[PDB]
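Visitor: Here is the sequence, then the experimental structure:
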Amino acid sequence: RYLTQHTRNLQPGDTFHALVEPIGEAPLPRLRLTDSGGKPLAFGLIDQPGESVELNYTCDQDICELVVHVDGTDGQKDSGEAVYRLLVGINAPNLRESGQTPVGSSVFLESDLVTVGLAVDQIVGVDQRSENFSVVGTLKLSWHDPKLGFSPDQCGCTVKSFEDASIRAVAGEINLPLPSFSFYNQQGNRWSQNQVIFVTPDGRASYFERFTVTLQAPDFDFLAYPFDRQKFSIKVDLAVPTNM
Amino acid sequence: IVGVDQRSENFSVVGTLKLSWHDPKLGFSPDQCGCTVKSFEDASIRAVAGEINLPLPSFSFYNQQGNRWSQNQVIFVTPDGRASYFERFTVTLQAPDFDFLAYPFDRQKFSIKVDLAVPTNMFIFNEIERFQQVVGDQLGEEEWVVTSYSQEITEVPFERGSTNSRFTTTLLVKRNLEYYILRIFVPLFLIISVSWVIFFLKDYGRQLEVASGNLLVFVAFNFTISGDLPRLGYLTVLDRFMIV
Amino acid sequence: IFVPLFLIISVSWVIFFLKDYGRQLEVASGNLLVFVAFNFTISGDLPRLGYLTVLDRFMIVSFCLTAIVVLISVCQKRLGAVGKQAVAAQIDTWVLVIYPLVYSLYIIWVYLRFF
Amino acid sequence: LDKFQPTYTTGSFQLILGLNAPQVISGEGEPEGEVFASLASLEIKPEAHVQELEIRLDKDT
């Protein structure tokens, strides 16, 4: 029932504009603008028509970071669905103009999305008595962060690599959060013989891991045995909430 | 539920444990960090606590056998002082409450005990929080069926003048009878019934061959049943039937 | 599994052609023990399920079918002693077609449901 | 960020007061001169913190 989004840094003297337009006749939400810490800066206002909420704000600090919150926890209970429209702009006077095309000139929010890919290389064996199987494969994780960027002139290098447990030590120095994953249906211990990460100066990162794990298969059906068909699933779950 | 071993009287489970406590210390101002929550994983949790010398609660599984595999250990810290600890584990626990008097129509109970590793003057258990359902929908274990569960908090003596809190989760299960009827009860019934039919004929000397042959087949059945049971010091229902 | 079971059943049915009363009792009793050995072999690679599969249903039919043969053979032997040899011969003809008919019905049921 | 709830903040601090000293804005320097003000409060501001509870004794404890 709560939505939060992060925005880019704002130079001093810059403005900010936001607007909410309901679509499916949903009740008007509550919108406010705060900083990274949470200190409130502005509150949404409802006009006479009652079909749009408008917020305006200007920053005088040297470094400005804005976070937009949408409140819907006070709406109708057991609501089937609620879809709205959100458009924002930094240096956009008269935001309800310029065509309002979805394809804007440039992005305005941050980027914390993660790309995931998995492959299977071996099948160690299948145990019908215990209903589990073991596989060997590789997992790749990639995300873009404007930080952890190094100037090539000072290093004379194009990429940086960290292996073993040195990955966590580097992150702690810069206090930057890292994504954590876990196998939901993993049984026992998982053997990983390779854990490397590649860092590219503009901010791109890639994580690779070769593993050998045993997974549970609770979808076994022996009704048509031995002419039966079964399905095996591998589940990977992020160890962080959806807001990170 | 990975599996249940009757010979060794133990079982293995996979689950999650949550610990939470409130401390006015370990509070950080969001302005200096620009962050809402802080996370520590792996062995970095102990290093942070040592810097601030703050005591931490320690737990242990009272009836744990061997080694326990934990693939995730994260802690979340909120600025006002709230903390939360999460852990996903795979452990093997002892079940000394096994009773085979009514075997195979018996019912057994499985218990999981968690004990604090500190005296009652530092940390105690005072509330139970259900962040998730105790018994999941998918558990495997096609033999045993879970009927009910319960949770309670008590304290037990330790050393001479010390006590520690204990968290207990008990599961009541029942045994399916489909396998025993199909492979044990039915084959025994036809063999006895077939022998009784031969008694209709007055062919003296043929009963000796049948009776002698039936003596050997019962010995083979006797060893098969004992394969899945320990060296008990009392007779169950099945053994009494075999004696007759 | 499928091939060894088929020859054993087929071999037993061939013996029914001879009218040697008292020989079917030995064959039927012997076939009872070999089915028990096959029953334990199949369950070795399966858990303690709470429902019957296709293989177990087939084994139940064989277990029950071989029990009727023992009862029929005993009655035929007892009837022959009295002097009703003609009646015993009639039962032999009827049991000749019952044995393959029962097995054929089970195969049809499996094909209709799972295929 | 998940929920909106205004509350109070508790903790320690370090108050610095200066009289005609433009070098204390950055926080540098050391106290010097004379006494500017008294740290003692004119009032007392009594509170009303009252708690009651019951306990049970045992041979073990």
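Guide: Arrived safely, thanks for sending. Numbers count the residues shown, from 1 in each chain, chains lettered A, B, ... in the order given.

Visitor: Need phi/psi at residue A:215.
Guide: Backbone torsions of residue A:215, given as degrees, to the nearest 10, read phi -120, psi 150.

Visitor: what does residue B:232 give?
Guide: Dihedral pair for residue B:232: phi -70, psi 160, per degrees, to the nearest 10.

Visitor: now do residue A:134
Guide: According to degrees, to the nearest 10, the main-chain angles of residue A:134 amount to phi -120, psi 140.

Visitor: ok, so what distance separates it from chain B?
Guide: Counting by C-beta to the nearest C-beta, to the nearest Å, the separation of residue A:134 from chain B is 14 Å. Any C-beta I mention is one placed from the backbone N, CA and C, and that applies to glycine too.

Visitor: Excluding chain neighbours, what is closest to that residue?
Guide: Computed as C-beta to C-beta, 6 or more residues apart in numbering or on different chains, the closest residue to residue A:134 that is not its neighbour in sequence is residue A:124, at 3.8 Å.

Visitor: For the host helix or strand of that neighbour, name the packing helices and strands.
Guide: When secondary structure is defined using DSSP states H and E, the element that contains residue A:124 is strand A:114-127. Strand A:114-127 is packed against strand A:132-144, strand A:236-238, with contacts defined by 3 or more C-beta pairs under 8 Å, 6 or more residues apart in numbering or on different chains; DSSP states H and E.

Visitor: Please tabulate those strands in a markdown table, including the columns mean neighbour count.
Guide: As requested, these are exported to a markdown table (neighbours: other C-beta atoms under 10 Å in any protein chain shown):
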| stretch | mean neighbour count |
| --- | --- |
| strand A:132-144 | 17 |
| strand A:236-238 | 14 |
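
Visitor: ok, now which ones touch residue B:194?
Guide: Residues in contact with residue B:194 (C-beta atoms under 8 Å, 6 or more residues apart in numbering or on different chains) are C:29, C:32, C:67, C:70.

Visitor: for the third one, what are its contacts?
Guide: Contacts for residue C:67 (C-beta under 8 Å, 6+ apart) come out as B:190, B:193, B:194, C:32.

Visitor: Next: the first one.
Guide: With contact taken as C-beta under 8 Å, 6+ apart, residue C:29 is in contact with B:194, C:70.

Visitor: can you map out the helices along chain C?
Guide: With helices called from DSSP state H, chain C shows them at C:2-15, C:23-43, C:54-82, C:85-114.

Visitor: swap in chain B?
Guide: Ranges of helices in chain B, per DSSP H, are B:30-33, B:44-52, B:178-180, B:186-198, B:206-226, B:237-243.

Visitor: Restrict the fifth one to CA atoms and write it as CSV.
Guide: Spelled out, it's helix B:206-226. Output for helix B:206-226, consisting of C-alpha atoms alone and laid out as CSV, is shown next (Å, rounded to 0.1, in the frame of the first residue of the first chain):
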residue,chain,number,x,y,z
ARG,B,206,1.0,-83.0,2.6
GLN,B,207,0.3,-80.7,5.6
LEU,B,208,3.8,-81.4,6.9
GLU,B,209,5.4,-80.0,3.8
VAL,B,210,3.1,-76.9,3.9
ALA,B,211,3.6,-76.3,7.6
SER,B,212,7.4,-76.7,7.3
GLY,B,213,7.5,-74.4,4.3
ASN,B,214,5.4,-71.8,6.1
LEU,B,215,7.9,-71.8,9.0
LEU,B,216,10.7,-70.6,6.7
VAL,B,217,8.7,-67.8,5.0
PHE,B,218,7.8,-66.4,8.4
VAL,B,219,11.5,-66.1,9.3
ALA,B,220,12.1,-64.1,6.2
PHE,B,221,9.2,-61.8,7.1
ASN,B,222,10.6,-61.4,10.7
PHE,B,223,13.9,-60.0,9.5
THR,B,224,12.3,-57.6,7.0
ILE,B,225,10.2,-55.8,9.7
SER,B,226,13.1,-55.4,12.1
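
Visitor: measure residue B:68 to chain C for me?
Guide: 25 Å.

Visitor: swap that for residue A:68, sorry
Guide: Distance from residue A:68 to chain C, counting by C-beta to the nearest C-beta: 53 Å.

Visitor: isn't there a strand covering that residue?
Guide: Yes - applying DSSP: H, G, I helix; E, B strand; the rest coil, one finds residue A:68 inside a strand.

Visitor: The contacts of residue B:194: which two are farthest apart?
Guide: In the contacts of residue B:194, two members sit farther apart than any others by C-beta to C-beta. They are C:29 and C:67, at 10.5 Å.

Visitor: I'd like the distance between the residue nearest to residue A:134 and chain B.
Guide: Taking C-beta to the nearest C-beta as the measure, residue A:124 and chain B are separated by 17 Å.

Visitor: ditto for residue A:52
Guide: Here the criterion is C-beta to the nearest C-beta. By it, residue A:52 lies 29 Å from chain B.

Visitor: Okay, helices next: where are they in chain A?
Guide: Read by DSSP H, chain A holds these helices, from start to end of the chain: A:152-155, A:166-174.

Visitor: export these to a markdown table and tack on mean neighbour count and distance to residue C:114?
Guide: Listed next are the helices of chain A as a markdown table, based on neighbours: other C-beta atoms under 10 Å in any protein chain shown; distance: least, C-beta to C-beta, whole Å:
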| stretch | mean neighbour count | distance to residue C:114 |
| --- | --- | --- |
| helix A:152-155 | 8 | 65 |
| helix A:166-174 | 13 | 52 |
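
Visitor: Columns distance to residue C:105 on top of those, output as JSON lines?
Guide: As requested, these are arranged in JSON lines below (distance: least, C-beta to C-beta, whole Å):
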{"stretch": "helix A:152-155", "distance to residue C:105": "80"}
{"stretch": "helix A:166-174", "distance to residue C:105": "66"}
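
Visitor: JSON lines for these, including distance to chain D?
Guide: Rendered in JSON lines, the data for the helices of chain A read as follows (distance: least, C-beta to the nearest C-beta, whole Å):
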{"stretch": "helix A:152-155", "distance to chain D": "31"}
{"stretch": "helix A:166-174", "distance to chain D": "22"}
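
Visitor: The ones you listed: which one's closest to residue C:112?
Guide: With respect to residue C:112, and counting by C-beta to C-beta, the nearest of the helices of chain A is helix A:166-174 at 59.4 Å.

Visitor: can you list contacts of the closest one?
Guide: The set of residues that contact helix A:166-174 without belonging to it, under C-beta under 8 Å, 6+ apart, is A:147, A:148, A:162, A:177, A:178, A:195, A:197, B:41, B:42, B:44.

Visitor: Enumerate the residues of chain B near chain A.
Guide: Remark: the part of chain B in contact with chain A comprises B:2-3, B:14, B:30-31, B:33-36, B:39, B:41-42, B:44, B:69, B:71-72, B:74, B:88, B:90, B:138-140, using C-beta under 8 Å from any C-beta of the partner chain.
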